[PDB]
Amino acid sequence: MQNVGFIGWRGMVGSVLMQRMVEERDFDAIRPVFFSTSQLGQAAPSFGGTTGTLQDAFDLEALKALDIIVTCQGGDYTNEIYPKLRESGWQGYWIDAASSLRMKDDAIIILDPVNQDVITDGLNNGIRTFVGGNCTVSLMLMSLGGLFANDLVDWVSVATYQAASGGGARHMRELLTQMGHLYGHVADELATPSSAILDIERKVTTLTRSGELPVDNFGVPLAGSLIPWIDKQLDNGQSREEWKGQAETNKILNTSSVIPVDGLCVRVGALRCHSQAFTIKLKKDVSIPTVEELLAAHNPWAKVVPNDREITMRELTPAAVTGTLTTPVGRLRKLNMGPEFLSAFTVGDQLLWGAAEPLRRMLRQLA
């Protein structure tokens, strides 16, 4: 079996990865070694199946002995250790959740249900570095995989509804804490049937602007609001989050010609699920029934939700998707602009297909 090291397994993304690996019994097929910085020397996690000890995440010798390394530690860790490992002559496999190495020429962005062909070709051509793609793009491709696989996409315009988990654990806690502040401030009024709605709203609105809401992580309030800007501002007017759409979509698919992908990435008051609205320009006029068939046939997670009111309300929402591996796509119909214009709405959990799942599956392929 292969000797596999795990870095950042206690972080949020790493914890989801561990959860999934235990669910799939992935530790029975490998010889796992766990790393740490604040708990080195302590016993390895029992769920790992070994009686080992937590190794030093910065001990190069401990790392060099491994065949595979799966890290969810972050960019800073990768930027320090990855180069040192490669410079030492280490030719093992590096599976990373951080975005740092995504655009490197010797790295492949992984999402096997979509680009297994790219992964296989890379493995045969000496690629030893595999990086998960941005949550937004990975979820988009999991849901719309059938359209891209059949080369039916001319261009894609998107408007996202992104969850707090994308920001981080403390961001999620900030969102929930804010919900508590808003409700608590008008709890008495809500409990009073005769209270005036405009009195309730005024109080919530005023509190939101009061400066009393904790906003250290998002900068501004999120509960009851939204923020139409995610990540650093670029010279072309895009946010880095929006820039990743075209950059990563094309690298994941290894397109022969650039497929334009652009839009607005907005942070909303959701915990883990990213929802996305699309305006897709098709290369040709294909019927909706054919579109539904192609999307559903691509992979088992792209559940097609019939374009009917009640079922959409029940299945195409964060409430129905959080914590699941399903990446449903619905509201499929042609837009008024023409038969080559397709509308679509998707939902997907940011921590699974958008983070940990592609890593677990890549590791399984190498086991």
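When you see a residue number, it is the position in the sequence shown, counting from 1.
The question of which stretch, 233 to 241 or 146 to 154, has the higher mean Cα B factor is settled in favour of 146 to 154. As listed in the deposited structure, the average C-alpha B-factor of 176 to 184 and of 282 to 290 is greater for 282 to 290. The PDB entry gives the largest Cα B-factor of the residues 313, 63, 319, 43 to 43. Remark: of 96, 262, 106, 199, 106 shows the highest value [criterion: C-alpha B-factor in the PDB entry]. Per the deposited record, the Cα B-factor of residue 88 falls in the highest third when ranked against the other modelled residues of its chain. When the CA B factors of the chain's modelled residues are split into thirds, the value for residue 192 lands in the highest one. Ranked by C-alpha B-factor against the other modelled residues of its chain, residue 7 falls in the lowest third. In the deposited entry, the Cα temperature factor of residue 136 sits in the middle third of values across the chain's modelled residues. Annotation for residue 301: C-alpha temperature factor in the middle third relative to the rest of the modelled chain, per the entry.
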